[PDB]
Amino acid sequence: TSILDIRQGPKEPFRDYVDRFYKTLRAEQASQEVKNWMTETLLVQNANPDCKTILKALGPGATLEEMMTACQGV
Amino acid sequence: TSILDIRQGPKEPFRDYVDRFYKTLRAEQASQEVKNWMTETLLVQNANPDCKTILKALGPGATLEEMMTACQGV
Amino acid sequence: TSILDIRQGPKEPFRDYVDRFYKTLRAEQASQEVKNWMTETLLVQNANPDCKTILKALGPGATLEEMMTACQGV
Amino acid sequence: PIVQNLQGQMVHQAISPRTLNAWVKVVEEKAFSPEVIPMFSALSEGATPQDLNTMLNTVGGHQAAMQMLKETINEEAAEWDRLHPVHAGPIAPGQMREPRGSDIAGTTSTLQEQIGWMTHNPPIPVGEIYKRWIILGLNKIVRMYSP
Amino acid sequence: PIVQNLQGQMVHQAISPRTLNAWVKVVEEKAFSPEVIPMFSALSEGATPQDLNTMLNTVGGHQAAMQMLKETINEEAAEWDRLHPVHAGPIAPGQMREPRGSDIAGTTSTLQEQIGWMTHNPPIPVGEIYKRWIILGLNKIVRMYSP
Amino acid sequence: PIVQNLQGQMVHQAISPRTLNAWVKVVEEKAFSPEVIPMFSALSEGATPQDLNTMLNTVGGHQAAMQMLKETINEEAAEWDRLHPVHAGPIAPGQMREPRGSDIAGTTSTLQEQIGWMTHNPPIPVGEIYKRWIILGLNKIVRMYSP
């Protein structure tokens with residue numbers, strides 16, 4: 001399965017999705033800079049509308065514990 | 001789960017509750033003095049009315065074997 | 001469970017009871033003299049009427065193999 | 001633990017994983033049963049305080065008991081400090097310092113310090129002092145956890 | 001790991017498969033539970049950075065946590081470089097180079113280099129520096145993964 | 001593998017059955033998962049080419065992958081021969097011969113020859129050259145077997 005095919009379900013907790021992401025990211029062998037680009041970009045983009053909304057409110061500069069606690073009720 | 005969310009059931013033995021308390025207390029990383037404050041305070045406060053009543057009769061200065069044997073029939 | 005609470009059933013073989021006794025006696029930490037007193041006293045006292053009757057006929061001075069073979073059919 | 005080497009000196013060697021796991025498994029299977037105390041005693045042969053905290057800290061479950069023990073270890077330690085006062089004047093350059101309750105509990109002492117005390121001549125049995133506190137506290141537990 | 005040989009010198013020896021598997025099994029069974037940290041600490045006794053990356057890289061599952069840890073290891077490493085600046089002028093022929101955050105993380109250093117630093121006199125405890133970062137990052141995880 | 005003996009020399013010793021079985025079990029359980037590569041790397045510490053063919057030949061199952069790997073090993077070997085031409089004139093009596101791709105793959109060399117190259121001064125790391133080919137071919141597999 002390709003990294004672009006990794007997406008969050010409509011009922012799937014973000015948490016279970018983030019695990020899937022760094023597992024597939026774990027099978028990507030690209031430069032770190034590209035993998036940083038993938039992190040800030042693709043993760044949020046394939047996140048579900050309800051959490052996506054939430055993550056837009058965190059702004060930039062956000063870290064994984066704060067994202068992970070931010071989308072917990074969703 | 002937060003330490004404030006730890007409470008004793010209406011049919012739950014105190015013993016099973018005290019185990020839950022020092023497990024969650026085991027995941028708190030606060031200063032010892034604060035953790036002493038939590039011990040004397042929160043444990044009794046979230047204890048059930050029947051045992052709570054019992055524990056009020058032990059007075060202060062009480063130790064865990066005496067609390068644990070005090071609320072055994074409850 | 002306390003040592004005073006150890007008693008022989010009405011259908012329970014003595015043997016299974018004597019095992020229970022020296023297990024609980026194994027969790028008592030008292031002086032040997034007191035534990036000797038417990039041996040000659042409490043064991044027979046909480047023994048069932050049918051075997052109790054039997055043990056009264058052995059008299060004093062009796063040892064465990066003779067008690068254990070004495071109450072075997074009971 | 002501190003063991004004797006082939007050369008004929010006492011040196012520290014680490015405790016083994018299937019020893020560790022055997023300690024774990026005993027606790028899993030026999031919980032508060034009395035057989036735990038001889039068992040402990042055998043597996044604590046030649047052990048340091050540091051190794052004894054390792055064994056206590058690696059427990060999972062029975063946290064009410066683990067707290068009761070801790071509090072017994074500190075009481076017994078408080079009692080060590082009470083009974084044995086600190087000694088007169090400054091510590092000699094030629095000598096090493098006397099232990100406190102917390103050095104016996106392993107807390108304020110380092111490993112090399114724990115090896116100094118035990119290997120030195122006369123040796124001091126800080127393991128055996130902690131061992132009695134553990135066994136004493138084990139009696140407390142056993143007596144309580146009897147039903 | 002780097003262990004003491006019978007002859008009385010510190011030499012490297014490889015870590016054992018049932019040690020490896022015991023590390024695996026702990027993670028399988030107790031996931032993020034606190035007992036993992038003393039457990040880790042025992043199994044990391046005398047371990048190299050190289051062996052510590054081996055242990056982290058051999059994890060399967062919990063990839064969100066594994067990424068959070070990585071990022072903590074790099075932060076703690078970035079902080080090592082910040083706090084300890086590089087030293088004045090060229091490196092002496094008679095001496096060996098001071099480590100950076102990435103040498104501590106094992107990344108920029110070789111094994112023989114990791115053995116130079118630890119075995120040399122004075123020795124530098126690059127294991128124990130990485131160990132705190134691992135334990136610190138373990139606290140982060142434990143605190144998050146509490147429910 | 002070729003290990004250091006107590007006397008302070010490098011001698012060959014055989015690999016252990018529960019090491020062998022641990023290699024088998026990894027493959028059984030985690031198939032093409034990435035954790036297989038650090039795992040491999042640890043269990044290949046100090047290993048010969050001969051031992052590496054033993055490990056590859058003892059696989060059961062996943063024969064499409066095993067063939068892809070073989071063919072990668074030969075490609076990487078063909079590339080070794082290309083990049084490193086044979087040397088000028090006849091082989092010296094005082095010296096031992098340079099390896100080819102097939103000596104690295106273990107095929108054309110004998111064990112004593114594999115021990116000559118590795119133990120001799122300078123030593124040549126024919127294990128580490130095969131190891132990269134294995135790891136490279138492992139990447140090929142991992143990337144393909146991603147779904």
# chains A, B, ... in the order shown; residues from 1 in each chain; ligands from 1

$ select_by_dssp --residues "chain A" --states "alpha helix (DSSP H)" --output "VMD selection string"
chain A and resid 14 to 26 32 to 45 49 to 58 64 to 70

$ write_last_selection --atoms "C-alpha atoms" --output "short mmCIF file (atom, residue, chain, number, x, y, z; two decimals), in the first residue's frame"
data_model
loop_
_atom_site.label_atom_id
_atom_site.label_comp_id
_atom_site.auth_asym_id
_atom_site.auth_seq_id
_atom_site.Cartn_x
_atom_site.Cartn_y
_atom_site.Cartn_z
CA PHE A 14 -7.00 9.84 14.68
CA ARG A 15 -4.74 7.97 16.99
CA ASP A 16 -5.29 4.73 15.07
CA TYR A 17 -4.58 6.65 11.85
CA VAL A 18 -1.41 8.27 13.11
CA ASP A 19 -0.09 4.82 13.98
CA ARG A 20 -0.85 3.69 10.43
CA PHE A 21 0.92 6.77 9.09
CA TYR A 22 4.25 6.33 10.86
CA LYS A 23 4.17 2.56 10.08
CA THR A 24 3.87 3.32 6.32
CA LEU A 25 6.30 6.32 6.76
CA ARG A 26 8.51 3.65 8.50
CA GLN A 32 14.39 13.40 5.98
CA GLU A 33 13.38 16.84 4.54
CA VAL A 34 10.90 15.09 2.24
CA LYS A 35 9.62 12.96 5.06
CA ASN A 36 9.19 16.26 7.14
CA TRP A 37 7.18 17.64 4.21
CA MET A 38 5.03 14.49 4.26
CA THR A 39 4.48 14.82 7.98
CA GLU A 40 3.17 18.36 8.00
CA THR A 41 1.23 17.92 4.81
CA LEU A 42 -0.26 14.55 4.11
CA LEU A 43 -1.26 13.64 7.69
CA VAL A 44 -3.65 16.60 8.01
CA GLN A 45 -4.90 16.45 4.46
CA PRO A 49 -13.45 16.64 8.34
CA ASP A 50 -14.30 16.65 12.09
CA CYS A 51 -10.66 16.36 13.21
CA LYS A 52 -9.40 18.27 10.26
CA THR A 53 -11.46 21.19 11.49
CA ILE A 54 -9.85 20.69 15.01
CA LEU A 55 -6.30 20.59 13.60
CA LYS A 56 -6.81 23.71 11.57
CA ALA A 57 -7.50 25.51 15.01
CA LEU A 58 -4.17 24.28 16.50
CA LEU A 64 2.28 15.28 18.20
CA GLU A 65 1.11 15.04 21.87
CA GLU A 66 -0.91 18.26 21.35
CA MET A 67 -2.39 16.96 18.05
CA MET A 68 -3.10 13.61 19.61
CA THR A 69 -4.80 15.13 22.69
CA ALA A 70 -6.51 17.68 20.42
#

$ residues_around --residues "residue 4 of chain E" --least-positions-apart "6" --cutoff "10 Å" --atoms "only C-alpha atoms" --output "number ranges by chain"
D: 13; E: 10-13, 46

$ interface_residues --of "chain F" --to "chain E" --cutoff "8 Å" --atoms "only C-alpha atoms" --output "ChimeraX atom specification"
/F:19,22,35-36,38-39,42-43,45

$ residues_around --residues "segment 100-112 of chain E" --least-positions-apart "4" --cutoff "7 Å" --atoms "only C-alpha atoms" --output "number ranges by chain"
E: 49-50, 77-78, 80-81, 116, 126, 130

$ interface_residues --of "chain E" --to "chain A" --cutoff "7 Å" --atoms "only C-alpha atoms" --output "ChimeraX atom specification"
/E:62-64,67-68,144

$ write_last_selection --atoms "N, CA and C atoms" --output "PDB file, in the first residue's frame"
ATOM      1  N   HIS E  62       3.155   0.425  17.474  1.00  0.00           N
ATOM      2  CA  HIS E  62       3.153   1.667  18.286  1.00  0.00           C
ATOM      3  C   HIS E  62       4.013   2.689  17.620  1.00  0.00           C
ATOM      4  N   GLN E  63       3.762   3.025  16.324  1.00  0.00           N
ATOM      5  CA  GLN E  63       4.576   3.853  15.515  1.00  0.00           C
ATOM      6  C   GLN E  63       4.362   5.261  15.752  1.00  0.00           C
ATOM      7  N   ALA E  64       3.221   5.674  16.345  1.00  0.00           N
ATOM      8  CA  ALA E  64       3.084   7.021  16.737  1.00  0.00           C
ATOM      9  C   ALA E  64       3.991   7.387  17.845  1.00  0.00           C
ATOM     10  N   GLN E  67       7.698   7.355  16.645  1.00  0.00           N
ATOM     11  CA  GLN E  67       8.037   8.619  16.095  1.00  0.00           C
ATOM     12  C   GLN E  67       8.207   9.700  17.184  1.00  0.00           C
ATOM     13  N   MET E  68       7.286   9.808  18.173  1.00  0.00           N
ATOM     14  CA  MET E  68       7.423  10.775  19.296  1.00  0.00           C
ATOM     15  C   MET E  68       8.725  10.603  20.004  1.00  0.00           C
ATOM     16  N   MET E 144       1.309  10.662  28.212  1.00  0.00           N
ATOM     17  CA  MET E 144       0.353  10.702  27.125  1.00  0.00           C
ATOM     18  C   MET E 144      -0.548   9.499  27.032  1.00  0.00           C
TER      19      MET E 144
END

$ residues_around --residues "residue 121 of chain E" --least-positions-apart "4" --cutoff "12 Å" --atoms "only C-alpha atoms" --output "list in words"
residues 10, 95, 96, 115, 116, 117 and 125 of chain E

$ write_last_selection --atoms "N, CA and C atoms" --output "PDB file, in the first residue's frame"
ATOM      1  N   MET E  10      38.073  -4.145  29.693  1.00  0.00           N
ATOM      2  CA  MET E  10      36.796  -3.958  29.094  1.00  0.00           C
ATOM      3  C   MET E  10      36.728  -4.221  27.627  1.00  0.00           C
ATOM      4  N   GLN E  95      44.976  12.807  21.087  1.00  0.00           N
ATOM      5  CA  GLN E  95      43.663  12.752  21.727  1.00  0.00           C
ATOM      6  C   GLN E  95      42.596  12.398  20.733  1.00  0.00           C
ATOM      7  N   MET E  96      41.455  12.100  21.286  1.00  0.00           N
ATOM      8  CA  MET E  96      40.341  11.671  20.492  1.00  0.00           C
ATOM      9  C   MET E  96      39.234  12.790  20.732  1.00  0.00           C
ATOM     10  N   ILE E 115      33.460   2.518  21.864  1.00  0.00           N
ATOM     11  CA  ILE E 115      34.383   1.817  22.789  1.00  0.00           C
ATOM     12  C   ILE E 115      35.534   2.779  23.200  1.00  0.00           C
ATOM     13  N   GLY E 116      36.152   3.613  22.301  1.00  0.00           N
ATOM     14  CA  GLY E 116      37.206   4.569  22.717  1.00  0.00           C
ATOM     15  C   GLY E 116      36.809   5.422  23.837  1.00  0.00           C
ATOM     16  N   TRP E 117      35.656   6.065  23.776  1.00  0.00           N
ATOM     17  CA  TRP E 117      35.149   7.049  24.733  1.00  0.00           C
ATOM     18  C   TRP E 117      34.844   6.481  26.147  1.00  0.00           C
ATOM     19  N   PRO E 125      30.200   8.883  29.781  1.00  0.00           N
ATOM     20  CA  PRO E 125      29.078   7.983  29.797  1.00  0.00           C
ATOM     21  C   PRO E 125      27.962   8.317  28.887  1.00  0.00           C
TER      22      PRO E 125
END

$ select_by_dssp --residues "chain F" --states "strand (DSSP E or B)" --output "list in words"
residues 2, 3, 4, 10, 11 and 12 of chain F

$ write_last_selection --atoms "N, CA and C atoms" --output "PDB file, in the first residue's frame"
ATOM      1  N   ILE F   2      33.106 -16.099  13.026  1.00  0.00           N
ATOM      2  CA  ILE F   2      34.513 -15.949  13.441  1.00  0.00           C
ATOM      3  C   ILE F   2      34.521 -14.974  14.602  1.00  0.00           C
ATOM      4  N   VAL F   3      34.933 -15.475  15.735  1.00  0.00           N
ATOM      5  CA  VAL F   3      34.767 -14.893  17.013  1.00  0.00           C
ATOM      6  C   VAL F   3      36.122 -14.779  17.668  1.00  0.00           C
ATOM      7  N   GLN F   4      36.280 -13.927  18.636  1.00  0.00           N
ATOM      8  CA  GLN F   4      37.550 -13.887  19.363  1.00  0.00           C
ATOM      9  C   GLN F   4      37.684 -14.856  20.527  1.00  0.00           C
ATOM     10  N   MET F  10      41.368 -14.473  16.724  1.00  0.00           N
ATOM     11  CA  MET F  10      40.150 -14.737  16.040  1.00  0.00           C
ATOM     12  C   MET F  10      39.999 -16.118  15.495  1.00  0.00           C
ATOM     13  N   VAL F  11      39.103 -17.017  16.022  1.00  0.00           N
ATOM     14  CA  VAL F  11      38.892 -18.384  15.557  1.00  0.00           C
ATOM     15  C   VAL F  11      37.514 -18.621  15.134  1.00  0.00           C
ATOM     16  N   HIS F  12      37.183 -19.644  14.267  1.00  0.00           N
ATOM     17  CA  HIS F  12      35.853 -19.865  13.820  1.00  0.00           C
ATOM     18  C   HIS F  12      35.189 -20.716  14.943  1.00  0.00           C
TER      19      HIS F  12
END

$ residues_around --residues "residue 65 of chain F" --least-positions-apart "6" --cutoff "10 Å" --atoms "only C-alpha atoms" --output "PyMOL selection string"
chain F and resi 32+71+137-138+140-142+144-145

$ write_last_selection --atoms "C-alpha atoms" --output "mmCIF file, in the first residue's frame"
data_model
loop_
_atom_site.group_PDB
_atom_site.id
_atom_site.type_symbol
_atom_site.label_atom_id
_atom_site.label_comp_id
_atom_site.auth_asym_id
_atom_site.auth_seq_id
_atom_site.Cartn_x
_atom_site.Cartn_y
_atom_site.Cartn_z
ATOM 1 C CA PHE F 32 8.731 -9.291 4.925
ATOM 2 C CA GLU F 71 19.048 -12.694 -8.566
ATOM 3 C CA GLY F 137 17.825 -6.741 -1.735
ATOM 4 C CA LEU F 138 15.784 -6.596 1.499
ATOM 5 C CA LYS F 140 13.674 -4.277 -2.883
ATOM 6 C CA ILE F 141 11.535 -6.904 -1.285
ATOM 7 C CA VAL F 142 10.069 -4.670 1.465
ATOM 8 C CA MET F 144 7.529 -4.598 -3.457
ATOM 9 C CA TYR F 145 5.776 -6.431 -0.687
#

$ decode --residues "segment 11-30 of chain C" --atoms "N, CA and C atoms" --output "compact mmCIF listing (two decimals), in the first residue's frame"
# COMPACT_ATOMS: atom_id res chain seq x y z
N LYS C 11 -18.68 -34.02 56.05
CA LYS C 11 -18.36 -35.12 55.10
C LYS C 11 -16.89 -35.10 54.67
N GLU C 12 -16.11 -34.03 55.19
CA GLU C 12 -14.77 -33.77 54.78
C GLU C 12 -13.77 -34.71 55.39
N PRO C 13 -12.95 -35.44 54.71
CA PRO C 13 -11.95 -36.24 55.35
C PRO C 13 -11.01 -35.44 56.17
N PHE C 14 -10.71 -35.96 57.39
CA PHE C 14 -9.79 -35.41 58.35
C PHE C 14 -8.52 -34.99 57.78
N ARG C 15 -8.01 -35.91 56.96
CA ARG C 15 -6.80 -35.70 56.14
C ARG C 15 -6.82 -34.34 55.39
N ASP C 16 -7.95 -33.95 54.77
CA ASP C 16 -7.98 -32.78 53.99
C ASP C 16 -7.97 -31.46 54.91
N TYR C 17 -8.61 -31.66 56.02
CA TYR C 17 -8.57 -30.81 57.19
C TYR C 17 -7.24 -30.62 57.95
N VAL C 18 -6.49 -31.66 58.11
CA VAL C 18 -5.19 -31.57 58.70
C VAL C 18 -4.16 -30.81 57.83
N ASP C 19 -4.30 -31.03 56.53
CA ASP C 19 -3.58 -30.24 55.52
C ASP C 19 -3.86 -28.78 55.57
N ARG C 20 -5.18 -28.46 55.68
CA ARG C 20 -5.60 -27.04 55.90
C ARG C 20 -5.07 -26.42 57.16
N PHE C 21 -5.03 -27.22 58.24
CA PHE C 21 -4.51 -26.80 59.53
C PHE C 21 -3.08 -26.46 59.51
N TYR C 22 -2.18 -27.33 59.03
CA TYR C 22 -0.75 -26.97 59.02
C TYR C 22 -0.33 -25.98 57.94
N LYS C 23 -1.19 -25.73 56.92
CA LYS C 23 -1.07 -24.59 56.01
C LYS C 23 -1.32 -23.22 56.69
N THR C 24 -2.47 -23.14 57.40
CA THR C 24 -2.77 -21.95 58.23
C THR C 24 -1.84 -21.73 59.41
N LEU C 25 -1.43 -22.84 60.11
CA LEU C 25 -0.41 -22.93 61.15
C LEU C 25 0.94 -22.46 60.54
N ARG C 26 1.17 -22.86 59.26
CA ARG C 26 2.35 -22.39 58.47
C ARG C 26 2.34 -20.84 58.36
N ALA C 27 1.15 -20.13 58.31
CA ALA C 27 1.03 -18.62 58.33
C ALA C 27 0.89 -18.02 59.67
N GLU C 28 0.96 -18.82 60.76
CA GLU C 28 1.04 -18.27 62.08
C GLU C 28 2.56 -18.19 62.41
N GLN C 29 2.93 -17.08 63.04
CA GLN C 29 4.31 -16.81 63.38
C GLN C 29 4.59 -16.97 64.90
N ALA C 30 3.61 -17.28 65.81
CA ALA C 30 3.77 -17.54 67.31
C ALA C 30 4.87 -18.47 67.81
